[PDB]
């Protein structure tokens, strides 16, 4: 009868608890809401969209894995499709600060890896840090993305990132979440296809090093992550983190991993192999193999 949501649920208004309870019954609730589910919660609570997003933040934060700090952070990315995607921060004991995932990166890559074409807004509890402001300026929403914070007026990303640097200053015209297909041939079994398709839609205009990770779980589920570079370089999200983000957001723990594949080019400018191996080993996963692109 375990549930990562129970304690957080007690902190929610009674009407929202009742409304979302049928949606959270599945232990592997996908930590996203279809547009019709957003409408159902609005009807069952009377909240407008901004207030409902704020009210849901404790459930997103309850998905987080702050194994080092114990400080749960949540975020909700609102797609133009009308779907909303939860994110939570992730920290990895035995790895490094560079492997950590902020809640904003978690929610944004959640939307992107589920095929959302762009975001209209993001809702958080605390002002995104400079690393996240730089991450968001990679997106096709650019400086116009609406940032929603409790008890304050909504503002565009421009408000938080004066004199911004981003892909346009590098004359990049295909932005993160724009449609991309690098055309590597897809073949093999379900997990191999997934890893190659993840690499095919990755965002890497600075190093031209495509990469993707796919994980196959004990119950047969596959989650994949696509590499997402950033104009400022360091806020880049590696492909492993995207896959681990989805795995955790979907209610799994790292021992659920039964197979793991990294698809990349063995002689690309940048190589994800070593960090992928190291971070998986920190999580107790020793089973990782490479599918070679090109």
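Numbering follows the first chain given and starts at 1.
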{"query": "Stretch with the higher entry mean CA B-factor, where the candidates are 5-13 and 20-28", "finding": "20-28"}
{"query": "Higher-scoring stretch by recorded Cα B factor average, 281-289 or 266-274", "finding": "281-289"}
{"query": "Per the PDB entry, maximal CA B factor within 79, 212, 130, 88", "finding": "79"}
{"query": "Which of 149, 75, 196, 202 ranks first by CA B-factor in the deposited coordinates", "finding": "149"}
{"query": "Cα B factor band for residue 165 (lowest, middle or highest third within the chain)", "finding": "highest"}
{"query": "Entry-reported Cα temperature factor of residue 206, expressed as the chain third it lands in", "finding": "highest"}
{"query": "Lowest, middle or highest third - CA B-factor, residue 174", "finding": "highest"}
{"query": "Residue 110 - Cα temperature factor, lowest/middle/highest third of chain", "finding": "lowest"}
{"query": "Assigned third (lowest, middle, highest) for the C-alpha B factor of residue 153", "finding": "highest"}
